[PDB]
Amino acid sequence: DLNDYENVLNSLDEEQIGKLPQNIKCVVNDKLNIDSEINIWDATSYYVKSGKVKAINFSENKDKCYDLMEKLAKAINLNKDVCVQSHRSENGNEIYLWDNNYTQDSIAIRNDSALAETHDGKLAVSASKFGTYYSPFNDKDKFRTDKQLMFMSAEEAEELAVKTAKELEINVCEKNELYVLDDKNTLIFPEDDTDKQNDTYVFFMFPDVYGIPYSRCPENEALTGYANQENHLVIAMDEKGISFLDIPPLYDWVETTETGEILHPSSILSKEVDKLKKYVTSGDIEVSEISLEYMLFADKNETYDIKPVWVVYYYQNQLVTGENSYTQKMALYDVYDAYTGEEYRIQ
């Protein structure tokens, strides 16, 4: 049976990474279920490099900054003639802004982030029910549907997102995630009485190197050494075109430090199930994703060590404080060194 736990483990022990399944489903026991995506992205084998990377500073070189600004302005169709530029320096970081005060379109570029948005895009992605953070509930998951909006197909929308990442010169995995922000995306914080829900597609693309995306884990400064964030390039579009473009921190590969064979995900899942069985008293669990990612660890002088990890994303149905039986589905995760299987402490 395709849904037996031992058969699922065996299916995750493929000698060729490209032959692993993309989804697995099985019951472990009456308090632990697996209904999970398997993500090995564009990895070509289990032999993976570790290395050193340098942070890409988007704003330190004014020429490079303005070059990024023009690509973002093309994407959101910003009227550059009527825009007002502003600039600030904060703790050695340069911040550049371009605002169209008539339309409320804006571009903001800092050392490790860039955001271009229309007024409608801003409200769809950041003033409504949709949220981009995995923690604490993975609210985005309810918008990951096959609905086709009426202004363009999901296939045509994906072609525009792929073309935009190429224009921005950001290498991303072939797999992206699509969120459909239709009427279910309730507008919570309108700015004016004229603001309404606007049908929008939101793609998450994943900047990568050697076919493996940088970590999609929540911030965990104890583990990474810095205020890390989820690696997703967010591209949204409505009937007017691209409406929101958020670029996460990017990195430039400097050198390979070591290369080795990583564990098959069977080894990770069996170890993670053994761990999760011990946390049974804290609530029922459902494993939702096993993913091969590159984690960054702060080193020195804007350099980071880049090493492969296996991330297990799961939900736990936890009792709400002060409640006798009311529970909340919490989005949690575990991280393993992909070479050794060392489990990292996630507090």
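Start at 1 with the first residue shown and count on from there.
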| query | finding |
| --- | --- |
| 41-49 set against 299-307, stretch whose average Cα temperature factor tops the other in the entry | 299-307 |
| Stretch with the higher entry mean CA B-factor, where the candidates are 322-330 and 9-17 | 322-330 |
| Selection from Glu255, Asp246, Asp81, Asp182 [criterion: highest C-alpha temperature factor in the record] | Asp81 |
| Maximum C-alpha temperature factor, selected from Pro265, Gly225, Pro190, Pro213 | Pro190 |
| Ranked C-alpha temperature factor of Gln104 among modelled chain residues, by third | highest |
| Among modelled residues of the same chain, the CA temperature factor third for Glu261 | middle |
| Third of the chain, ranked by Cα B-factor, where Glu177 sits | lowest |
| Where the record places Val280 (Cα B-factor, split into thirds across the chain) | highest |
| For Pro218, the third of its chain into which the C-alpha B factor falls | lowest |
